[PDB]
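Novice: Residue numbers (the deposited numbering), protein chains in the order written: chain 2, 12 to 43, 54 to 260; chain 1, 58 to 197, 203 to 277; chain 1', 58 to 197, 203 to 277; chain 3, 1 to 232; chain 3', 1 to 232; chain 3'', 1 to 58. A prime marks a further copy of an entry chain. The beta-carbon is built from N, C-alpha and C at its ideal position, and this holds for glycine as well. This is the structure, below, for whatever I ask next.
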């Protein structure tokens with residue numbers, strides 16, 4: 012069965028019996054100053070092409086929606102804000118395609134730099150709506166301000182197989198093709214500046230590479246849909 | 058008996074984090090340490106299993122002295138008294154043994170004389186934020207600093223004036239988180255730590271290797 | 058949490074107000090300090106936010122010694138004992154290390170030997186008036207003295223006789239108002255303090271200056 | 001005797017300790033306390049008292065009473081800015097040495113709202129309109145009367161009212177307390193513009209002056225007492 | 001004063017002591033605690049989270065994602081072993097750096113059961129049968145599909161199920177807790193065999209991959225915290 | 001603080017003393033005790049067991 016979900020002036024369709032992973036057992040809620058409900062809509066980013074040699078993709082959350090409608094408008098307008106997210110990841114593949122994906126949302130995914138003495142620049146840390154790709158090779162140290170994008174360390178100097186500690190969902194093409202992660206607001210402060218701090222990082226890493234026989238489509242599109250939940254910002258009026 | 062794997066029993070252990078020396082005839086004979094949890098790799102890794110932490114600080118100081126060479130015919134130095142000053146974040150900081158900062162009333166200080174039990178002081182959670190952050194994906203611009211984690215600085219100096227011979231003292235700072243609360247588990251650090259200030263790493267293998275998948 | 062801005066939390070902080078040295082082979086080797094709150098500018102300014110104050114006194118003494126040069130083949134001085142005498146207003150005052158004033162029974166004194174916890178004594182509100190005055194617009203004639211603010215004097219000397227080598231000791235007096243009550247708020251001091259005895263000042267600007275009224 | 005054990009820190013002198021101490025003068029008997037008017041229980045009572053803001057720093061004015069005088073006069077063209085200063089109570093310079101600023105500079109963290117009062121001190125026959133605009137932190141200062149009006153603002157008619165009171169909002173990084181001192185951080189500004197010229201009858205001076213007052217309005221609080229930077 | 005006696009160890013500093021200590025900053029007032037999602041009360045909550053097992057160590061693979069991929073393909077002759085590793089969570093190498101292994105390597109004694117999950121990541125049209133065999137400690141590893149079948153085993157049909165979950169039993173020398181590290185001791189093994197070949201239709205790849213996951217299943221516990229051997 | 005006085009023998013180590021001592025391994029959690037047969041509560045239980053007397057020393 013197919014379930015159609017409409018948010019604002021946007022609507023998407025999902026398999027009725029799809030499993031949703033709630034981040035830490037906590038749904039997005041309001042801070043127990055000024056909320057916005059016109060932002061409550063689905064933002065379908067550009068689809069990426071999962072290939073045989075694909076190493077992975079990642080998107081920093083606040084930044085990914087920085088050039089999308091009122092949410093971006095609110096980001097430049099207000100100085101402070103806080104919000105949760107609902108992330109939909111969908112793959113369009115046939116039964117003749119095989120592969121396994123890890124879809125994980127990492128809070129405060131601070132990333133290292135190829136040069137041990139420096140830190141990565143903003144452009145390399147995030148591409149906004151554009152996706153950032155991991156690399157199956159090791160970035161050379163000569164490089165001065167790029168992210169060490171070796172997949173098996175996930176750019177954080179940890180075991181990539183241990184990323185399951187963070188809220189995650191597996192996409193096994195033979196079994197399922199969609200993932201839904203509900204991420205609450207997680208921070209050490211009640212509100213924060215959205216332009217200088219990326220609270221969340223969504224990662225999609227192929228643990229089992231995509232495989233197919235000659236004649237089948239040589240790619241599998243992956244579509245990411247993000248809907249901000251319970252967004253609210255600081256007031257701008259007097260007392 | 059899963060009691061020993063709780064957060065409190067996992068992190069509430071005293072550890073020597075810093076070690077320094079200072080003599081009493083140099084004008085610069087004072088030891089300083091900015092309080093940070095990244096000094097010791099073992100403690101850093103244990104704290105970096107989580108993203109946000111909230112704890113109190115218990116500090117114990119082990120101070121010992123040693124007689125330095127002199128030419129005096131006879132040396133009969135009295136018992137030595139040491140001053141340990143805690144400078145809260147934003148407080149004045151000394152640059153010499155004789156400096157006003159040593160007398161700031163808002164900089165709590167402990168005066169301790171040798172031969173007694175080692176001095177001990179406790180600092181509470183002093184962040185304007187609601188928790189300390191071991192990881193920060195953003196800018197303050204410097205990436206991943208989060209100045210909301212400032213915990214203050216410690217300073218140590220001889221109180222006694224120099225006698226007929228120099229005295230060199232060494233201080234061992236013992237660090238113990240108390241009433242710890244942790245949030246958002248994270249994967250254990252796998253690559254070796256390279257810098258104390260950042261998370262930079264050099265790519266390493268996922269695990270140790272065997273000959274074949276069937277051993 | 059406005060608790061830290063209360064009068065008690067604002068003024069009840071120990072501060073080093075006086076520092077002096079005295080040797081044990083001079084006849085004049087004794088330290089004296091008339092108890093007054095105008096010695097330290099930082100404490101003076103904090104107390105001068107009000108006109109009338111009432112508080113108790115807690116004094117902690119940090120005494121350390123240093124061996125002075127000698128010609129003795131061997132120096133083996135025993136542990137040193139110090140006498141700290143508080144002279145109430147109107148009490149006899151010493152002029153030498155060997156003076157009757159040191160033995161006055163109505164002058165409370167503390168005998169303390171090195172190596173132990175520092176000595177501590179407390180003096181209550183000892184004014185014939187109902188409160189201390191930080192400001193007095195009148196004559197006693204000298205303008206603005208108000209002899210009703212006399213708080214006594216402190217004296218310090220070595221108890222041990224001089225051995226085979228001189229010993230120089232330094233005393234740090236720590237001052238802490240307790241159970242403070244304040245009246246009649248006043249504007250914070252703006253000009254730099256010029257004299258300890260009077261309020262004299264040299265005219266200075268109201269604040270720091272910018273380029274224009276529109277920044 | 002009873003068995004005891006001394007823990008670490010037994011003979012130490014911690015300057016922030018709170019222990020019973022022996023009385024040097026037991027049996028003294030103190031003068032009973034009288035009822036003196038003006039008892040102070042908290043420094044924040046001092047912080048909530050209005051004080052005159054030296055808006056006109058203008059180093060030729062800091063050694064005079066002109067530092068508090070904001071000039072207002074009839075200008076040929078309209079829409080000029082009357083004044084403007086950042087809303088940094090404790091670091092800027094205009095609010096540094098006021099009653100609120102002095103108390104704040106004794107602490108490292110502070111919270112609450114700022115109450116600004118403007119008093120027109122021209123003749124009773126002078127009339128005009130002023131636009132008082134508040135720029136939230138992050139947003140830049142207005143460059144025109146139009147931009148000021150499009151934001152948060154109040155139209156002040158001196159012909160009807162001699163005083164206007166604004167309570168600027170807290171608005172901080174969900175920090176509850178924020179640093180008294182600051183570093184190239186979003187500040188927030190308050191500015192004033194000529195909505196109209198000053199209309200005056202014959203034999204009445206067109207040039208007038210405005211006085212600004214500041215005080216803590218909402219639940220103000222401070223934390224982490226420190227040394228004031230104004231003493232040597 | 002009250003007569004007291006100091007017992008041995010009165011002025012000593014024992015690094016594991018638990019005594020009241022004086023506060024350096026009394027009267028500070030701390031920022032109230034907020035509700036942050038993901039509160040952790042015990043490391044065993046981390047130990048019970050499934051993580052990917054690098055079964056294919058194969059040093060040409062430890063610096064890639066192939067370390068987690070168990071190759072499966074259509075072989076001419078049947079009954080070959082797919083994989084196999086000792087069940088030593090904390091010493092071997094395959095389970096050393098997993099979430100379970102990292103927690104275990106912080107302690108000297110541990111107890112409980114191991115939950116192993118295997119996920120088939122081939123095409124939806126691929127069919128076949130796998131024999132997953134568990135060898136108890138002491139008993140040797142099977143050398144054939146027949147020997148594996150005669151022991152404790154589960155027949156796994158990928159055509160019907162994509163995942164299989166096994167909870168290996170504790171079984172220890174009535175010790176309740178046993179050493180995390182070990183020395184030439186009965187280990188216990190888990191192995192996989194081709195019951196049938198992989199049957200595939202036309203235009204479908206026969207070569208597939210299997211993923212293995214590990215986690216603590218039954219009442220897991222640890223004892224005697226120590227230093228992890230993975231830091232320098 | 002509370003006034004106290006140290007009596008003679010305050011810092012001494014008497015080998016027969018019975019005082020509380022700090023635990024070097026607090027939070028260890030010991031292996032629970034099992035029922036082992038042959039529990040001994042007094043040496044006199046051993047003393048009351050018959051044993052063969054070497055009468056013929058020789």
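Could you tell me which whole beta strand (DSSP E) segments of length 3 or greater appear in the stretch 49-88 of chain 3'?
Specialist: Within the stretch 49-88 of chain 3', the complete beta strand (DSSP E) runs of at least 3 residues are 70-72, 81-86.
Novice: Buried or exposed: residue 164 (chain 1'), going by 16 or more other Cβ atoms within 10 Å of its Cβ?
Specialist: Here residue 164 (chain 1') is taken as the residue at index 107 of the third chain, counted from 1. Label assigned to residue 164 (chain 1'): buried.
Novice: Residue 168 (chain 1) touches chain 1' at which residues, Cβ-Cβ below 7 Å?
Specialist: Within the second chain, numbered from 1, the residue matching residue 168 (chain 1) stands at position 111. Near residue 168 (chain 1) (Cβ distances below 7 Å), the residues of chain 1' are 119, 175.
Novice: Which residue or residues does DSSP assign as beta-bridge partners of residue 121 (chain 2)?
Specialist: Locating residue 121 (chain 2) in the first chain gives position 100, where the first residue counts as 1. Partner(s): 193 (chain 2), 229 (chain 2).
Novice: With DSSP as the reference, identify every bridge partner of residue 67 (chain 1), one or two as the case may be.
Specialist: Sequence index remark: in the second chain, residue 67 (chain 1) carries index 10 (1-based). The partner list for residue 67 (chain 1) (beta bridge, DSSP) is empty, contrary to what the question assumes.
Novice: Which chain 2 residues are close to residue 99 (chain 3'), counting only those with a beta carbon under 9 Å from its beta carbon?
Specialist: For the purposes of this step, residue 99 (chain 3') is taken as the residue at position 99 of the fifth chain. Those within 9 Å of residue 99 (chain 3') in chain 2 are 180, 182, 183, 185, 186.
Novice: Is it buried or exposed for residue 76 (chain 1'), if we count other Cβ within 10 angstroms and need 16 for buried?
Specialist: Sequence index remark: in the third chain, residue 76 (chain 1') carries index 19 (1-based). With fewer than 16 Cβ atoms within 10 Å of its Cβ, residue 76 (chain 1') is classed as exposed.
Novice: Starting from the C-beta of residue 167 (chain 3'), find all residues in its chain whose C-beta is less than 6 Å away, skip the five residues before and the five after it, and write them out in chain order.
Specialist: For the purposes of this step, residue 167 (chain 3') is taken as residue 167 along the fifth chain, with counting starting at 1. Closer than 6 Å at Cβ, skipping near neighbours: 113, 115, 217.
Novice: Name the chain 3' residues that come within less than 7 Å of residue 58 (chain 1'), Cβ to Cβ?
Specialist: For this step, residue 58 (chain 1') is matched to residue 1 along the third chain. Result: 29.
Novice: So which residues on chain 1 does residue 14 (chain 3) lean against when the C-beta distance must stay under 7 Å?
Specialist: Within the fourth chain, the letter at position 14 stands for residue 14 (chain 3). Simply 165, 167, 178.
Novice: Return the chain-ordered list of same chain residues with a C-beta closer than 7 Å to the C-beta of residue 136 (chain 3), the five sequence neighbours on each side being excluded.
Specialist: Counting from 1 along the fourth chain, the entry for residue 136 (chain 3) is found at position 136. Taken in chain order, the residues that qualify are 171, 188.
Novice: By DSSP, does residue 147 (chain 2) sit in helix, in strand, or in coil?
Specialist: Working through the first chain from its first residue, we reach residue 147 (chain 2) at position 126. Note: residue 147 (chain 2) maps to coil in three-state DSSP.
Novice: Please list the partners that residue 61 (chain 1) has in chain 3'', where partner means a Cβ-to-Cβ separation under 8 Å.
Specialist: As a first step, residue 61 (chain 1) is located in the second chain; it is residue number 4 there, counting from the start. 27, 28, 29, listed in chain order.
Novice: Going along chain 3'' in order, which residues have a C-beta closer than 9 Å to the C-beta of residue 2 (chain 3')?
Specialist: Reading the fifth chain from its first residue, position 2 is the one you call residue 2 (chain 3'). Near residue 2 (chain 3') (Cβ distances below 9 Å), the residues of chain 3'' are 2, 3, 4, 5.
Novice: Report yes or no: do three or more beta-carbon pairs, one from the stretch 217-234 of chain 2 and one from the stretch 72-83 of chain 3', lie closer than 8 Å?
Specialist: Note that the stretch 217-234 of chain 2 does not touch the stretch 72-83 of chain 3'; fewer than 3 beta-carbon pairs, one per stretch, sit closer than 8 Å.
Novice: Taking the continuous alpha helix (DSSP H) assigned at residue 92 (chain 2), which residues delimit it?
Specialist: As a working note, residue 92 (chain 2) is residue 71 in the first chain. Counting along the chain, the alpha helix (DSSP H) containing residue 92 (chain 2) begins and ends at 90-98.
Novice: Decide yes or no for the touch test of the stretch 224-231 of chain 1 against the stretch 124-138 of chain 1: beta carbon pairs closer than 8 Å, at least 3 of them.
Specialist: The stretch 224-231 of chain 1 vs the stretch 124-138 of chain 1: in contact.
Novice: According to the Cβ coordinates, are residue 205 (chain 2) and residue 32 (chain 2) closer than 8 Å?
Specialist: By one-based count along the first chain, residue 205 (chain 2) stands at place 184. By one-based count along the first chain, residue 32 (chain 2) stands at place 21. No. Outside cutoff.
Novice: Just how far apart, CA to CA, sit residue 175 (chain 1') and residue 6 (chain 3'')?
Specialist: Walking along the third chain from the start, residue 175 (chain 1') turns up at place 118. Walking along the sixth chain from the start, residue 6 (chain 3'') turns up at place 6. Going from the Cα of residue 175 (chain 1') to the Cα of residue 6 (chain 3'') covers about 19 Å.
Novice: Within the same chain, show all residues whose beta-carbon is closer than 7 Å to that of residue 176 (chain 3'), passing over the 5 residues directly before and after it, in chain order.
Specialist: By 1-based counting over the fifth chain, the position of residue 176 (chain 3') is 176. Hits under 7 Å: 111.
Novice: Need the endpoints of the beta strand (DSSP E) that residue 115 (chain 3') sits in, please.
Specialist: Locating residue 115 (chain 3') in the fifth chain gives position 115, where the first residue counts as 1. Note, residue 115 (chain 3'): beta strand (DSSP E), 114-120.
Novice: Please look up how many angstroms separate the CB atoms of residue 210 (chain 3) and residue 72 (chain 3), rounded, as I've assumed it's under 8 Å.
Specialist: Along the fourth chain, read from residue 1 onward, the residue named residue 210 (chain 3) stands at position 210. Along the fourth chain, read from residue 1 onward, the residue named residue 72 (chain 3) stands at position 72. Right, the Cβ-Cβ distance comes to about 6 Å (below 8 Å), so this counts as a contact.
Novice: Counting only beta-carbon separations shorter than 8 Å, does residue 192 (chain 3') have a partner in chain 2?
Specialist: Within the fifth chain, the letter at position 192 stands for residue 192 (chain 3'). Closer than 8 Å to the CB of residue 192 (chain 3') there is not a single CB belonging to chain 2.
Novice: DSSP three-state call for residue 72 (chain 2): helix, strand or coil?
Specialist: Counting from 1 along the first chain, the entry for residue 72 (chain 2) is found at position 51. It is coil, neither helix nor strand.
Novice: State buried or exposed for residue 148 (chain 1), treating a residue as buried only when at least 16 other CB atoms are found within 10 Å of its CB.
Specialist: As a first step, residue 148 (chain 1) must be located in the second chain, where it is residue number 91. Per the 10 Å Cβ criterion, buried.
Novice: Spell out the partners DSSP gives residue 57 (chain 2) in its beta bridges.
Specialist: Position 36 of the first chain, counted from the start, is the residue given in the question as residue 57 (chain 2). Partner(s): none; residue 57 (chain 2) has no beta bridge.
Novice: What are the partner residues of residue 204 (chain 2), as DSSP defines its beta bridges?
Specialist: Translated into positions along the first chain, residue 204 (chain 2) becomes position 183. BP columns for residue 204 (chain 2) point to 106 (chain 2).
Novice: Just reading off the beta strand (DSSP E) that residue 99 (chain 1') is part of, what are its end residues?
Specialist: Within the third chain, the letter at position 42 stands for residue 99 (chain 1'). Taken as a continuous stretch (DSSP letters only), residue 99 (chain 1') belongs to no beta strand (DSSP E), being part of the alpha helix (DSSP H) at 98-104.
Novice: Classify residue 158 (chain 1) as helix, strand or coil using the three-state DSSP reduction.
Specialist: By 1-based counting over the second chain, the position of residue 158 (chain 1) is 101. Helix, per DSSP.
Novice: Going by other Cβ atoms of all chains shown within 10 Å of its Cβ, with 16 needed for buried, is residue 227 (chain 3) buried or exposed?
Specialist: Position 227 of the fourth chain, counted from the first residue, corresponds to residue 227 (chain 3). Per the 10 Å Cβ criterion, buried.
Novice: Buried or exposed for residue 91 (chain 1), going by 16 or more other Cβ atoms inside 10 Å?
Specialist: Within the second chain, residue 91 (chain 1) is the residue found at index 34, counting from 1. Classification of residue 91 (chain 1): exposed, given that the 10 Å Cβ count is below 16.
Novice: Have a look at 104 (chain 2), 181 (chain 2), 134 (chain 2) and flag the residue whose alpha-carbon is nearest the alpha-carbon of residue 84 (chain 2).
Specialist: Translated into positions along the first chain, residue 84 (chain 2) becomes position 63. Comparing Cα positions, the closest option is 104 (chain 2).
Novice: Decide if residue 2 (chain 3') is buried, meaning its Cβ has at least 16 other Cβ atoms within 10 Å, or exposed.
Specialist: Your numbering for residue 2 (chain 3') matches position 2 in the fifth chain. Classification for residue 2 (chain 3'): exposed.
Novice: State the CB to CB distance for the pair residue 65 (chain 2) and residue 246 (chain 2), rounded to an integer number of angstroms; the pair is presumed to be in contact (CB under 8 Å).
Specialist: Locating residue 65 (chain 2) in the first chain gives position 44, where the first residue counts as 1. Locating residue 246 (chain 2) in the first chain gives position 225, where the first residue counts as 1. Right, the Cβ-Cβ distance comes to about 5 Å (below 8 Å), so this counts as a contact.
Novice: Nearest chain 3 C-beta to residue 206 (chain 1) closer than 8 Å, yes or no?
Specialist: By 1-based counting over the second chain, the position of residue 206 (chain 1) is 144. No - not a single Cβ of chain 3 is within 8 Å of the one on residue 206 (chain 1).
Novice: Measuring only between beta-carbons, confirm whether residue 206 (chain 2) sits less than 8 Å from chain 3.
Specialist: Position 185 of the first chain, counting from 1, holds the residue named residue 206 (chain 2). Not closer than 8 Å to any Cβ of chain 3, the Cβ of residue 206 (chain 2) fails to qualify, so no.
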